[PDB]
$ cat model_1.tsv   # TSV, C-alpha atoms
chain	number	residue	atom	x	y	z
A	1	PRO	CA	-17.94	-25.62	-48.85
A	2	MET	CA	-17.29	-22.07	-47.77
A	3	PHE	CA	-17.54	-18.99	-50.01
A	4	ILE	CA	-16.31	-15.56	-48.89
A	5	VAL	CA	-16.68	-12.29	-50.81
A	6	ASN	CA	-14.84	-9.15	-49.73
A	7	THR	CA	-15.97	-6.01	-51.55
A	8	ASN	CA	-15.86	-2.21	-51.48
A	9	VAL	CA	-19.57	-2.12	-52.50
A	10	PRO	CA	-21.53	-0.66	-49.61
A	11	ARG	CA	-23.75	-2.79	-47.34
A	12	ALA	CA	-26.91	-1.09	-48.61
A	13	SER	CA	-26.12	-2.31	-52.11
A	14	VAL	CA	-26.13	-5.98	-51.02
A	15	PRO	CA	-29.67	-7.15	-51.83
A	16	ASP	CA	-31.82	-8.86	-49.26
A	17	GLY	CA	-31.65	-12.59	-49.95
A	18	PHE	CA	-28.11	-12.54	-51.37
A	19	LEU	CA	-26.70	-14.96	-48.78
A	20	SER	CA	-29.59	-17.38	-49.48
A	21	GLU	CA	-29.05	-17.09	-53.20
A	22	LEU	CA	-25.34	-17.80	-52.86
A	23	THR	CA	-26.14	-20.75	-50.61
A	24	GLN	CA	-28.58	-22.27	-53.13
A	25	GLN	CA	-26.47	-21.68	-56.21
A	26	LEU	CA	-23.33	-23.07	-54.54
A	27	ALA	CA	-25.26	-26.14	-53.34
A	28	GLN	CA	-26.30	-26.73	-56.94
A	29	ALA	CA	-22.91	-26.03	-58.46
A	30	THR	CA	-20.84	-28.15	-56.02
A	31	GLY	CA	-23.47	-30.89	-55.70
A	32	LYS	CA	-23.26	-30.66	-51.90
A	33	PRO	CA	-26.32	-30.26	-49.65
A	34	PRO	CA	-27.06	-26.67	-48.65
A	35	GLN	CA	-26.66	-27.61	-45.03
A	36	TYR	CA	-22.91	-27.88	-45.65
A	37	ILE	CA	-22.55	-24.51	-47.49
A	38	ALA	CA	-21.34	-21.51	-45.58
A	39	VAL	CA	-21.30	-18.02	-47.04
A	40	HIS	CA	-19.77	-14.78	-45.76
A	41	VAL	CA	-20.20	-11.34	-47.39
A	42	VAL	CA	-17.95	-8.47	-46.32
A	43	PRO	CA	-19.03	-5.09	-47.74
A	44	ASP	CA	-17.66	-1.56	-47.22
A	45	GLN	CA	-14.04	-2.63	-47.55
A	46	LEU	CA	-11.01	-0.46	-48.28
A	47	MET	CA	-9.74	-2.14	-51.42
A	48	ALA	CA	-8.35	-1.49	-54.84
A	49	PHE	CA	-8.00	-3.62	-57.97
A	50	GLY	CA	-5.48	-2.45	-60.58
A	51	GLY	CA	-5.00	0.71	-58.50
A	52	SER	CA	-8.65	1.65	-58.89
A	53	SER	CA	-11.32	1.95	-56.22
A	54	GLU	CA	-14.16	1.21	-58.55
A	55	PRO	CA	-16.33	-1.74	-57.44
A	56	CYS	CA	-14.32	-4.92	-57.05
A	57	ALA	CA	-14.31	-8.22	-55.17
A	58	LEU	CA	-11.78	-10.54	-53.70
A	59	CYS	CA	-13.26	-13.96	-53.01
A	60	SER	CA	-12.48	-17.50	-51.95
A	61	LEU	CA	-14.17	-20.87	-52.36
A	62	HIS	CA	-12.94	-23.73	-50.12
A	63	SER	CA	-14.31	-27.22	-50.67
A	64	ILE	CA	-13.29	-30.76	-49.85
A	65	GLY	CA	-13.00	-31.89	-53.44
A	66	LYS	CA	-15.17	-30.60	-56.31
A	67	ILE	CA	-12.25	-28.29	-57.21
A	68	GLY	CA	-10.44	-28.53	-60.52
A	69	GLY	CA	-9.79	-26.96	-63.88
A	70	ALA	CA	-13.18	-27.26	-65.53
A	71	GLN	CA	-15.14	-27.06	-62.29
A	72	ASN	CA	-13.37	-23.80	-61.34
A	73	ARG	CA	-14.14	-22.30	-64.75
A	74	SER	CA	-17.79	-23.13	-64.17
A	75	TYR	CA	-17.75	-21.72	-60.63
A	76	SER	CA	-16.11	-18.55	-61.92
A	77	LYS	CA	-18.79	-18.07	-64.58
A	78	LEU	CA	-21.53	-18.57	-62.02
A	79	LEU	CA	-20.06	-16.39	-59.32
A	80	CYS	CA	-18.91	-13.52	-61.55
A	81	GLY	CA	-22.42	-13.62	-63.04
A	82	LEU	CA	-23.97	-13.27	-59.64
A	83	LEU	CA	-21.58	-10.51	-58.49
A	84	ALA	CA	-22.25	-8.55	-61.73
A	85	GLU	CA	-26.03	-8.91	-61.50
A	86	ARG	CA	-26.51	-8.41	-57.79
A	87	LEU	CA	-23.59	-6.16	-56.77
A	88	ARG	CA	-22.87	-4.48	-60.14
A	89	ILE	CA	-19.25	-5.56	-60.02
A	90	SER	CA	-17.49	-6.03	-63.31
A	91	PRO	CA	-16.22	-9.61	-63.81
A	92	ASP	CA	-12.75	-8.30	-64.64
A	93	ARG	CA	-12.51	-6.71	-61.20
A	94	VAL	CA	-13.15	-10.05	-59.36
A	95	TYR	CA	-10.60	-12.54	-58.13
A	96	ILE	CA	-11.73	-15.91	-56.72
A	97	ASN	CA	-9.16	-18.11	-55.06
A	98	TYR	CA	-10.13	-21.82	-55.08
A	99	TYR	CA	-8.87	-24.20	-52.40
A	100	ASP	CA	-9.24	-28.01	-52.53
A	101	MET	CA	-9.11	-28.83	-48.82
A	102	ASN	CA	-8.10	-32.26	-47.48
A	103	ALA	CA	-10.81	-33.59	-45.14
A	104	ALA	CA	-8.28	-33.95	-42.32
A	105	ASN	CA	-7.55	-30.20	-42.64
A	106	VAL	CA	-11.17	-29.07	-42.07
A	107	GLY	CA	-12.51	-28.88	-38.56
A	108	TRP	CA	-16.23	-29.07	-37.78
A	109	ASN	CA	-18.27	-30.18	-34.79
A	110	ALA	CA	-15.23	-30.54	-32.48
A	111	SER	CA	-13.42	-32.90	-34.81
A	112	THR	CA	-12.47	-33.00	-38.51
A	113	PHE	CA	-14.16	-34.38	-41.59
A	114	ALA	CA	-11.47	-37.14	-42.06
B	1	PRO	CA	-1.39	-10.76	-56.99
B	2	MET	CA	-3.63	-10.07	-54.05
B	3	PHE	CA	-2.32	-8.51	-50.81
B	4	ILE	CA	-4.44	-8.27	-47.66
B	5	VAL	CA	-3.52	-6.66	-44.45
B	6	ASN	CA	-5.50	-6.96	-41.28
B	7	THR	CA	-4.51	-4.66	-38.43
B	8	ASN	CA	-5.62	-3.25	-35.10
B	9	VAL	CA	-4.31	0.21	-36.18
B	10	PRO	CA	-7.29	2.55	-36.49
B	11	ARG	CA	-8.57	3.72	-39.84
B	12	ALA	CA	-7.57	7.30	-39.20
B	13	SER	CA	-3.98	6.13	-38.90
B	14	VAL	CA	-3.97	4.68	-42.43
B	15	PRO	CA	-2.49	7.51	-44.54
B	16	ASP	CA	-4.20	8.73	-47.66
B	17	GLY	CA	-2.69	7.08	-50.73
B	18	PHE	CA	-1.69	3.84	-48.95
B	19	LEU	CA	-3.58	1.47	-51.25
B	20	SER	CA	-1.90	3.09	-54.28
B	21	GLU	CA	1.47	2.86	-52.64
B	22	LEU	CA	0.96	-0.85	-51.99
B	23	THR	CA	-0.25	-1.39	-55.52
B	24	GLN	CA	2.80	0.29	-57.03
B	25	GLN	CA	5.39	-1.33	-54.87
B	26	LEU	CA	3.86	-4.79	-55.23
B	27	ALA	CA	3.83	-4.36	-59.04
B	28	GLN	CA	7.47	-3.56	-58.92
B	29	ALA	CA	8.46	-6.27	-56.50
B	30	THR	CA	6.49	-9.12	-58.13
B	31	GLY	CA	7.12	-7.89	-61.70
B	32	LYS	CA	3.41	-8.17	-62.43
B	33	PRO	CA	1.44	-5.49	-64.30
B	34	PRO	CA	-0.20	-3.16	-61.82
B	35	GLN	CA	-3.55	-3.76	-63.47
B	36	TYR	CA	-3.52	-7.24	-61.93
B	37	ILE	CA	-2.57	-6.20	-58.39
B	38	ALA	CA	-5.36	-6.16	-55.84
B	39	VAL	CA	-4.95	-4.74	-52.32
B	40	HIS	CA	-7.22	-4.81	-49.27
B	41	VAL	CA	-6.56	-3.02	-45.99
B	42	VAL	CA	-8.64	-3.92	-42.92
B	43	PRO	CA	-8.09	-1.55	-39.97
B	44	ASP	CA	-9.69	-1.40	-36.51
B	45	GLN	CA	-9.45	-5.12	-35.97
B	46	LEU	CA	-9.64	-7.04	-32.68
B	47	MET	CA	-6.33	-8.83	-32.67
B	48	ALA	CA	-3.37	-9.74	-30.55
B	49	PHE	CA	0.17	-10.82	-31.43
B	50	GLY	CA	2.09	-12.65	-28.69
B	51	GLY	CA	-0.80	-11.90	-26.35
B	52	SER	CA	-0.28	-8.19	-26.81
B	53	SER	CA	-2.64	-5.63	-28.33
B	54	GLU	CA	0.06	-3.25	-29.37
B	55	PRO	CA	0.01	-2.47	-33.14
B	56	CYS	CA	0.29	-5.59	-35.25
B	57	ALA	CA	-0.64	-7.00	-38.64
B	58	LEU	CA	-1.68	-10.31	-40.10
B	59	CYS	CA	-1.28	-10.37	-43.86
B	60	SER	CA	-1.40	-12.53	-46.95
B	61	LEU	CA	0.10	-12.31	-50.41
B	62	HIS	CA	-1.33	-14.66	-53.11
B	63	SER	CA	0.27	-14.78	-56.52
B	64	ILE	CA	0.35	-17.08	-59.54
B	65	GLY	CA	4.04	-17.74	-59.34
B	66	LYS	CA	6.65	-15.26	-58.16
B	67	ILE	CA	6.57	-16.97	-54.75
B	68	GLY	CA	9.67	-18.56	-53.24
B	69	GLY	CA	12.26	-18.39	-50.52
B	70	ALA	CA	14.32	-15.44	-51.79
B	71	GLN	CA	11.40	-13.65	-53.34
B	72	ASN	CA	9.37	-13.93	-50.10
B	73	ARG	CA	12.28	-12.54	-48.08
B	74	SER	CA	12.30	-9.55	-50.43
B	75	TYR	CA	8.54	-9.11	-50.18
B	76	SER	CA	8.74	-9.27	-46.40
B	77	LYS	CA	11.43	-6.60	-46.26
B	78	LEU	CA	9.40	-4.33	-48.52
B	79	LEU	CA	6.08	-4.89	-46.83
B	80	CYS	CA	7.31	-4.74	-43.24
B	81	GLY	CA	9.11	-1.53	-44.22
B	82	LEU	CA	5.89	-0.04	-45.50
B	83	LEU	CA	3.84	-1.16	-42.47
B	84	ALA	CA	6.47	0.32	-40.11
B	85	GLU	CA	6.79	3.64	-41.94
B	86	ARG	CA	3.14	4.19	-42.75
B	87	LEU	CA	1.23	2.39	-39.94
B	88	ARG	CA	3.94	2.42	-37.23
B	89	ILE	CA	3.74	-1.34	-36.84
B	90	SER	CA	6.90	-3.00	-35.61
B	91	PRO	CA	8.20	-5.59	-38.15
B	92	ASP	CA	8.33	-8.24	-35.41
B	93	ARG	CA	4.57	-7.88	-34.91
B	94	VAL	CA	3.77	-8.74	-38.57
B	95	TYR	CA	3.01	-12.11	-40.09
B	96	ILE	CA	2.65	-12.47	-43.88
B	97	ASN	CA	1.40	-15.77	-45.31
B	98	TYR	CA	2.59	-16.38	-48.90
B	99	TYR	CA	0.55	-18.50	-51.30
B	100	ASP	CA	1.72	-19.72	-54.75
B	101	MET	CA	-1.59	-20.16	-56.52
B	102	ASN	CA	-2.08	-22.54	-59.46
B	103	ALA	CA	-3.50	-20.64	-62.40
B	104	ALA	CA	-6.38	-23.15	-62.58
B	105	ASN	CA	-7.33	-22.22	-58.98
B	106	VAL	CA	-7.74	-18.45	-59.64
B	107	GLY	CA	-10.92	-17.17	-61.15
B	108	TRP	CA	-11.10	-13.80	-62.93
B	109	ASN	CA	-13.34	-12.37	-65.62
B	110	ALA	CA	-15.83	-15.28	-65.47
B	111	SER	CA	-13.11	-17.84	-66.18
B	112	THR	CA	-9.73	-18.88	-64.71
B	113	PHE	CA	-6.17	-18.14	-65.64
B	114	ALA	CA	-5.45	-21.75	-66.72
C	1	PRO	CA	0.62	-19.88	-35.34
C	2	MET	CA	-2.19	-17.61	-36.35
C	3	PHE	CA	-5.89	-18.16	-35.57
C	4	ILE	CA	-8.73	-16.16	-37.13
C	5	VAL	CA	-12.40	-16.46	-36.21
C	6	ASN	CA	-15.09	-14.74	-38.30
C	7	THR	CA	-18.52	-14.76	-36.71
C	8	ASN	CA	-21.98	-13.20	-36.85
C	9	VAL	CA	-22.06	-13.01	-33.02
C	10	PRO	CA	-22.08	-9.31	-32.07
C	11	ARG	CA	-19.02	-7.56	-30.59
C	12	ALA	CA	-20.75	-7.09	-27.24
C	13	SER	CA	-21.09	-10.84	-26.93
C	14	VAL	CA	-17.32	-11.39	-27.15
C	15	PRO	CA	-16.26	-11.56	-23.49
C	16	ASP	CA	-13.40	-9.61	-22.05
C	17	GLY	CA	-10.24	-11.65	-22.09
C	18	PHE	CA	-11.18	-13.80	-25.08
C	19	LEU	CA	-8.15	-12.96	-27.22
C	20	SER	CA	-5.90	-13.78	-24.25
C	21	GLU	CA	-7.72	-17.03	-23.66
C	22	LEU	CA	-7.30	-18.01	-27.30
C	23	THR	CA	-3.63	-17.10	-27.17
C	24	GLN	CA	-3.03	-19.21	-24.05
C	25	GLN	CA	-4.94	-22.22	-25.16
C	26	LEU	CA	-3.36	-22.23	-28.61
C	27	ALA	CA	0.10	-21.96	-27.07
C	28	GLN	CA	-0.71	-25.04	-24.98
C	29	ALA	CA	-2.30	-26.96	-27.84
C	30	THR	CA	0.33	-26.30	-30.52
C	31	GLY	CA	3.24	-26.40	-28.06
C	32	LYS	CA	4.55	-23.08	-29.41
C	33	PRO	CA	5.43	-20.21	-27.02
C	34	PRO	CA	2.61	-17.63	-26.63
C	35	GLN	CA	4.90	-14.94	-27.99
C	36	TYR	CA	4.55	-16.60	-31.41
C	37	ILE	CA	0.72	-16.92	-31.33
C	38	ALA	CA	-1.43	-14.39	-33.12
C	39	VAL	CA	-5.22	-14.22	-32.85
C	40	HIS	CA	-7.87	-12.22	-34.72
C	41	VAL	CA	-11.60	-12.15	-33.86
C	42	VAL	CA	-14.06	-10.62	-36.36
C	43	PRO	CA	-17.58	-10.16	-34.95
C	44	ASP	CA	-20.77	-8.73	-36.43
C	45	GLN	CA	-20.29	-10.45	-39.78
C	46	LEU	CA	-22.89	-11.04	-42.50
C	47	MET	CA	-22.80	-14.80	-42.73
C	48	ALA	CA	-24.88	-17.91	-43.07
C	49	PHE	CA	-24.09	-21.54	-42.35
C	50	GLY	CA	-26.30	-24.19	-43.95
C	51	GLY	CA	-28.71	-21.54	-45.15
C	52	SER	CA	-29.33	-19.93	-41.78
C	53	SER	CA	-28.06	-17.08	-39.66
C	54	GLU	CA	-28.01	-18.50	-36.17
C	55	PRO	CA	-24.60	-18.08	-34.52
C	56	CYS	CA	-21.82	-19.60	-36.61
C	57	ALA	CA	-18.08	-19.26	-37.20
C	58	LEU	CA	-15.70	-19.59	-40.10
C	59	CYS	CA	-12.13	-19.95	-38.86
C	60	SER	CA	-8.56	-20.64	-39.89
C	61	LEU	CA	-5.46	-21.91	-38.12
C	62	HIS	CA	-2.11	-21.45	-39.90
C	63	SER	CA	0.98	-23.03	-38.37
C	64	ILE	CA	4.48	-23.94	-39.47
C	65	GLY	CA	4.09	-27.62	-38.76
C	66	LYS	CA	2.04	-29.03	-35.89
C	67	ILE	CA	-0.74	-29.71	-38.42
C	68	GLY	CA	-2.03	-33.19	-39.10
C	69	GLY	CA	-4.93	-35.56	-38.68
C	70	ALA	CA	-4.83	-36.18	-34.94
C	71	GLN	CA	-3.50	-32.75	-34.06
C	72	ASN	CA	-6.28	-31.07	-36.05
C	73	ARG	CA	-8.91	-33.15	-34.31
C	74	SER	CA	-7.46	-31.94	-30.99
C	75	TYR	CA	-7.42	-28.34	-32.15
C	76	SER	CA	-11.01	-28.62	-33.30
C	77	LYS	CA	-12.13	-30.03	-29.96
C	78	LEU	CA	-10.42	-27.20	-28.11
C	79	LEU	CA	-11.54	-24.41	-30.41
C	80	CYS	CA	-15.13	-25.53	-30.82
C	81	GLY	CA	-15.24	-25.90	-27.04
C	82	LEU	CA	-14.13	-22.33	-26.58
C	83	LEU	CA	-16.48	-20.94	-29.24
C	84	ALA	CA	-19.43	-22.79	-27.64
C	85	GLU	CA	-18.61	-21.73	-24.06
C	86	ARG	CA	-17.66	-18.15	-24.75
C	87	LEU	CA	-19.62	-17.17	-27.88
C	88	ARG	CA	-22.51	-19.67	-27.63
C	89	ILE	CA	-21.84	-20.99	-31.09
C	90	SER	CA	-22.86	-24.56	-31.74
C	91	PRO	CA	-19.92	-26.80	-32.72
C	92	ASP	CA	-21.82	-27.99	-35.79
C	93	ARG	CA	-21.96	-24.41	-37.07
C	94	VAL	CA	-18.12	-23.99	-37.03
C	95	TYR	CA	-15.72	-24.63	-39.85
C	96	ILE	CA	-11.95	-24.39	-39.19
C	97	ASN	CA	-9.54	-24.56	-42.15
C	98	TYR	CA	-6.06	-25.81	-41.15
C	99	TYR	CA	-2.97	-24.75	-43.09
C	100	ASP	CA	0.49	-26.29	-42.69
C	101	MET	CA	2.69	-23.41	-43.82
C	102	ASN	CA	6.24	-23.89	-45.05
C	103	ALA	CA	8.62	-21.65	-43.08
C	104	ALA	CA	9.84	-20.00	-46.31
C	105	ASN	CA	6.20	-18.99	-46.99
C	106	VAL	CA	5.75	-17.04	-43.73
C	107	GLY	CA	7.12	-13.52	-43.48
C	108	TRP	CA	7.98	-11.98	-40.10
C	109	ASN	CA	10.38	-9.25	-39.00
C	110	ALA	CA	11.29	-8.16	-42.57
C	111	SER	CA	12.35	-11.66	-43.58
C	112	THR	CA	10.86	-15.20	-43.45
C	113	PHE	CA	11.09	-17.96	-40.90
C	114	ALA	CA	13.20	-20.14	-43.26
$ encode --input "model_1.tsv" --output "structure tokens"
Amino acid sequence: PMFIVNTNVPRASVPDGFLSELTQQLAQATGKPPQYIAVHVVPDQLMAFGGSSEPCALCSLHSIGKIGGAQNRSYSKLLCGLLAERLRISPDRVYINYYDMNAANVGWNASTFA
Amino acid sequence: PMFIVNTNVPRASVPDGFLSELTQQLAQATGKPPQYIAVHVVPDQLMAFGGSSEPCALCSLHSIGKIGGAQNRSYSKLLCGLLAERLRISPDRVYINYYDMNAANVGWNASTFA
Amino acid sequence: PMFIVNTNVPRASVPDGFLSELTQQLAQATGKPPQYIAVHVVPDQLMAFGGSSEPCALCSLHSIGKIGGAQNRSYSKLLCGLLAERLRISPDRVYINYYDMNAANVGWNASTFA
């Protein structure tokens, strides 16, 4: 799985250990080994949510399976919790797009996962 | 809706008020309340379009509904118009990927829209 | 087609000519003329892959057709080869998400490709 967060929160506000925390919590939530979890945090962005430049985040979670109605609710609770606690971003200024990728449509190690 | 634009145009060339302009015009075009429109502008990027490093943009528009052939033509006319007028990017050096998101696959406010 | 590579490799490690090389090789691989190929390289990113911060890449390839099991294996071989040779990123620290876009869902030149 791959989780990306784009935010207007400044780099200095991203706590040390945040990538490791995301990695561990996503491993637990998706049930996948941490070795397969990739995380990417993009601070200092020029963004707005509802016209406002207050702290916000635009995010994505891609996984081969483990994506669905109830699972995405659970991911959203987890991830908005983490963004509120660690980055001080209000949950109602976060979007997370979820993508259930087909194994044949994910490249890795010079081939695909199919 | 969430609109991202990635461009090689420098930050200083992005006019003041551009994120608000995008927010307003996307609200009007998509018919969505502006409170739900998120925008993200990423200048100074290392990119090429057709092998050329002249001004270009790679963009995405995600929305829960309001995505389709005629609607996307209308969005493209609006958004290319804005990128040409404000960033001086030729319309034929813009790509916009359109995504019709399922409500169950968009997280917001510690839950999803399903 | 549009190819994006996000990486923690620093900008100074991206060799001169890399965007051109990507453009050429993707033209050859996808069979589409280089005038239609767009490329975007994003260095210096805050990212981890499998819990660590050695060189890695998170990538996407969007194309109107020319996406499928065997084709994506071929793309992954090419692209991981290039990222290893030029950026010294191990192939097993690369993910590439492949997207088969419908022509009506890609904007260009103030309209769509439909």
$ atom_distance --input "model_1.tsv" --atom1 "CA of residue 24 (chain C)" --atom2 "CA of residue 13 (chain B)"
29.4 Å
$ atom_distance --input "model_1.tsv" --atom1 "CA of residue 60 (chain C)" --atom2 "CA of residue 18 (chain B)"
27.0 Å
$ residues_around --input "model_1.tsv" --residues "residue 72 (chain B)" --least-positions-apart "6" --cutoff "9 Å" --atoms "only C-alpha atoms" --output "count of residues only"
8
$ atom_distance --input "model_1.tsv" --atom1 "CA of residue 46 (chain C)" --atom2 "CA of residue 11 (chain C)"
13.0 Å
$ residues_near_point --input "model_1.tsv" --point "(7.5, -0.2, -47.2)" --cutoff "12 Å" --atoms "only C-alpha atoms" --output "PyMOL selection string"
(chain B and resi 18-19+21-26+29+74-91) or (chain C and resi 110)
$ write_last_selection --input "model_1.tsv" --atoms "C-alpha atoms" --output "CSV table (one decimal), in the coordinates of the input"
chain,number,residue,atom,x,y,z
B,18,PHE,CA,-1.7,3.8,-49.0
B,19,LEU,CA,-3.6,1.5,-51.2
B,21,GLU,CA,1.5,2.9,-52.6
B,22,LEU,CA,1.0,-0.8,-52.0
B,23,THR,CA,-0.2,-1.4,-55.5
B,24,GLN,CA,2.8,0.3,-57.0
B,25,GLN,CA,5.4,-1.3,-54.9
B,26,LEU,CA,3.9,-4.8,-55.2
B,29,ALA,CA,8.5,-6.3,-56.5
B,74,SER,CA,12.3,-9.6,-50.4
B,75,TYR,CA,8.5,-9.1,-50.2
B,76,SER,CA,8.7,-9.3,-46.4
B,77,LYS,CA,11.4,-6.6,-46.3
B,78,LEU,CA,9.4,-4.3,-48.5
B,79,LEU,CA,6.1,-4.9,-46.8
B,80,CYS,CA,7.3,-4.7,-43.2
B,81,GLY,CA,9.1,-1.5,-44.2
B,82,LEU,CA,5.9,0.0,-45.5
B,83,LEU,CA,3.8,-1.2,-42.5
B,84,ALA,CA,6.5,0.3,-40.1
B,85,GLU,CA,6.8,3.6,-41.9
B,86,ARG,CA,3.1,4.2,-42.8
B,87,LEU,CA,1.2,2.4,-39.9
B,88,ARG,CA,3.9,2.4,-37.2
B,89,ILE,CA,3.7,-1.3,-36.8
B,90,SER,CA,6.9,-3.0,-35.6
B,91,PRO,CA,8.2,-5.6,-38.2
C,110,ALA,CA,11.3,-8.2,-42.6
$ closest_residue --input "model_1.tsv" --among "C:94, C:41, C:64, C:47" --to "residue 15 (chain C)" --atoms "only C-alpha atoms"
C:41
$ axis_aligned_box --input "model_1.tsv" --around "region 88-95 of chain C" --padding-each-side "6 Å" --output "lines of an AutoDock Vina configuration file"
center_x = -19.3
center_y = -23.8
center_z = -33.7
size_x = 19.1
size_y = 20.3
size_z = 24.2
$ build_atoms --input "model_1.tsv" --residues "region 1-12 of chain A" --atoms "N, CA and C atoms" --output "CSV table (one decimal), in the frame of the given file"
chain,number,residue,atom,x,y,z
A,1,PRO,N,-18.7,-26.7,-48.2
A,1,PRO,CA,-17.9,-25.6,-48.8
A,1,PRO,C,-18.2,-24.3,-48.2
A,2,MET,N,-17.2,-23.4,-48.4
A,2,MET,CA,-17.3,-22.1,-47.8
A,2,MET,C,-17.0,-21.1,-48.8
A,3,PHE,N,-17.8,-20.0,-49.0
A,3,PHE,CA,-17.5,-19.0,-50.0
A,3,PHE,C,-17.5,-17.7,-49.3
A,4,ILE,N,-16.5,-16.9,-49.5
A,4,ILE,CA,-16.3,-15.6,-48.9
A,4,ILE,C,-16.2,-14.5,-50.0
A,5,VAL,N,-16.9,-13.4,-49.9
A,5,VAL,CA,-16.7,-12.3,-50.8
A,5,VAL,C,-16.4,-11.1,-50.0
A,6,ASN,N,-15.2,-10.4,-50.3
A,6,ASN,CA,-14.8,-9.2,-49.7
A,6,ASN,C,-15.0,-8.1,-50.8
A,7,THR,N,-15.7,-7.0,-50.5
A,7,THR,CA,-16.0,-6.0,-51.6
A,7,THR,C,-16.0,-4.6,-51.0
A,8,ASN,N,-15.7,-3.6,-51.8
A,8,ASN,CA,-15.9,-2.2,-51.5
A,8,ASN,C,-17.3,-1.7,-51.8
A,9,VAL,N,-18.1,-2.5,-52.3
A,9,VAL,CA,-19.6,-2.1,-52.5
A,9,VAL,C,-20.2,-1.9,-51.1
A,10,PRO,N,-21.0,-0.9,-50.9
A,10,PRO,CA,-21.5,-0.7,-49.6
A,10,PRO,C,-22.6,-1.7,-49.2
A,11,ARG,N,-22.8,-1.8,-47.9
A,11,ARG,CA,-23.8,-2.8,-47.3
A,11,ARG,C,-25.2,-2.6,-47.9
A,12,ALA,N,-25.6,-1.4,-48.1
A,12,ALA,CA,-26.9,-1.1,-48.6
A,12,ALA,C,-27.1,-1.6,-50.0
